[PDB]
C-alpha cells in the first residue's frame, strides 16, 4: 500500500526545555515559524506524498461526483426583518458562499443585497459578522480573507445597497453594535503589531479594546470607550439594550461561560460618546454568565448559570442590584439545559431547551415566566432563529441527521398561535425512510452514562461487518446535536457505513457539570468516554476495530489524536482536522491563551502534570505488542488557520513519521494535508468543502479497502 517515502525532516536535538524539573525535547520546534524556507519546504514535501495517495483510487472521484450532486440543494437561512424590509441568506446549491437577499415584504420580489461570491475568484472572501442599524437603514459587515479570524468591517446604506467609504481594520473577535441614534457603531480592535496580520502569523492577541466609530469619519477618529491595560487577556464586547438606553459590556477572559457585566446609561454621558464611558460595574467578577435577554426600564432579564449549571432566567433591577434581591423568572430545570432565550413581540420569551441532546422550543410570558405554548419539533436541532423585541413574528430553522430541515414561521399577533412550514427542501438521492437514528446511553470507565446517536440503514445485522465513522468533540461547553450532513450520508449509503456521534464530557449536553467533567484535571474523562464509545460499537456488533474510523476537529482533533496514542488497537483510521496537538505550547500563539480555562496551562506545575499525560505531541510511542501498529492517520490543516496555528499538526506529523512511520511493523500511512487560502473552517467555500470531504472519505476507503456501493 505504501509506495512513497516519508520526507527527511531535521531534528534539532538541542531543543530542550525544563518544565518544573521535567525535561522536554522539542526537535521540531523550528516548524513553529510558518515563514521559514525550512517550514515551507516541509509543507511542500508532505503535500507531495499525501495528494497522490488521496487522488490515486477511483473512489475519490465517485465520492466527489456524488457529493456534488447530493449537496446541490437550496439552502436558506431564516427570514429576519430589519426596519421596513426583510432579509435572508440563500445558496442556490453550489455557490461558494451564501448570498444575502432583501425584499420589501414577505410577498415581495427579492433582490441581491450582498453577494460575497463576487469578491474573489475562488470564494475565499467570506462574511464574518454583521449588524444593521436599529432603523434598518444602514448595514455594517465583516469580511475575512482566506479563512482567517481577522476582519475588515465595511458599511452600506440599505436603500439602493450603496457602498459607503467607512472601513475598519485590525478587527478580530469583535462585537458590532450600533447606537440607536444611528450615529455610529461599537466594535473591537487590537493594537498594531510587528509582522503580518493576515492569518499566517502566530503572534499572540492581547490588549483588545472597545472603540466607537462615527459613520462618515476615518477610523483614526474613533473613540476609545473601554480598555484593560492591566489585564491583557480581557475582551469587552458591547451591545445596546433593546430600548437603546444602555450599553452593556460583557467582559470575557478565556472560554468559560462567565463574564463581567458593566453598563453605561447613555443618557448620563456628559456630552454623548466622547471617551471612556461612565461604566457602572454591576457584576465585577468572572463567577457566572449573564447573557442579556431584554429589559423593561431598570429591570434586566438575563440568562445565567450563576449557581444554576443547567441555566435559568433572572431579573436584576439596576436600582436594587444586590444578589439577594434578584428575581428568578424562569427557574433552572433539574436536567434540561436552557440553551438560549430571545424576547419577541414586546412581552414574549422564546426558550430553547436541550433535552437528552435534542432541542425543544417554548413560548413564555415575560412578566411571569409562565409557559404559554410549545412549538412541536421532531428529534433534532434548532439551528437558526429570528424574532426581536419590536418584531411580531418568529422564524426558526430545524435540522436532523436525515433531513436538511424546515424553516417554520409563526405570526405572534394572532390570538391562536400556529407555527407553519415556511420553507422545506428535500434531497433526492437520499430516502430518509431507508435509515434510522437511535440514541443509546453507554457506561464510561467510571460508570457515567454517556449519550450516543447512531445512524444506520434499517435492518442491518449487528455482526461487526460494517465500517463505522465515530465523531466527537468534548469541550468548551459545546453540545453536539443532530445536524444534516450529506457527506456523512454518502458514507452510509454508498460506503455501507454506520454513523455515530458520542456526547462525551467536556460538552454542554448536561450543562456546566457536563462541561466541568471534561476539563482541567478531568480532561482524560473525554478520552475515556470516547474510547468507551468505540468499545460499545464493537461489542454491540455495529463495527470492528479494523473497520472503525474516528474523526474530530479543533478540540475534537485533540480528542482523536490522543485516542490514537492511547488505544491504537481500537481504530482502523483516524482523521484529525485542525487539532490542538502541542498541549505544552498552545497558549503561546494567537488566541490560544483563551483555552486555558478548558485545558490549564503548562506554566503551572500542577497543570503540566495533567497535560503531559495526554498531549498528542508528547505521547507518540510505538505500541509494545508486535501485532499492534498505529491506525492510518490523516491530519488536515490550512496555512491561514490562525485559530489553531498549523504548527500543531506540522510538529505532530513529523513526530508520528519519525517515531512510528520508521518502524518496520508500521504499514498504515501517517499523512498530513495543508490547504492554501483556508483557515480553521468558518467561511470555507463550498468548493473547498467538497474537496475536503472527498479527501476524508477517499482516505477511509483506501486504508480500509471499502468498495463503493452505487
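Residue numbers count along the first chain shown, from 1.
Asker: Which has the higher mean CA temperature factor in the PDB entry, 299 to 307 or 160 to 168?
Answerer: In the deposited entry, the stretch with the higher C-alpha B-factor mean is 160 to 168.
Asker: Between 192 to 200 and 530 to 538, which has the larger average Cα B-factor in the PDB entry?
Answerer: So the stretch with the higher mean C-alpha B-factor is 192 to 200.
Asker: Whose CA atom has the top B-factor in the entry, of 562, 551, 274, 241?
Answerer: Answer, based on the entry's C-alpha B-factors: 274.
Asker: When you compare the CA B-factors of 314, 251, 357, 622 as listed in the entry, which one comes out on top?
Answerer: 622 has the highest C-alpha B-factor of those listed.
Asker: Splitting the chain's C-alpha B-factors into thirds, which one does residue 32 fall into?
Answerer: Bottom third by C-alpha B-factor.
Asker: If you rank every modelled residue in this chain by C-alpha B factor, which third holds residue 331: lowest, middle or highest?
Answerer: For residue 331, the deposited C-alpha B-factor lands in the lowest third.
Asker: Mind checking which third residue 121 falls in for C-alpha B-factor across the chain?
Answerer: According to the entry, residue 121 has a C-alpha B-factor in the chain's highest third.
Asker: Would the CA B-factor of residue 415 place it in the lowest, middle or highest third of its chain?
Answerer: Within its chain, residue 415 is a highest-third residue by C-alpha B-factor, going by the deposited values.
Asker: Relative to the other modelled residues in the chain, which third contains the C-alpha temperature factor of residue 455: lowest, middle or highest?
Answerer: Its C-alpha B-factor belongs to the middle third of this chain's values.
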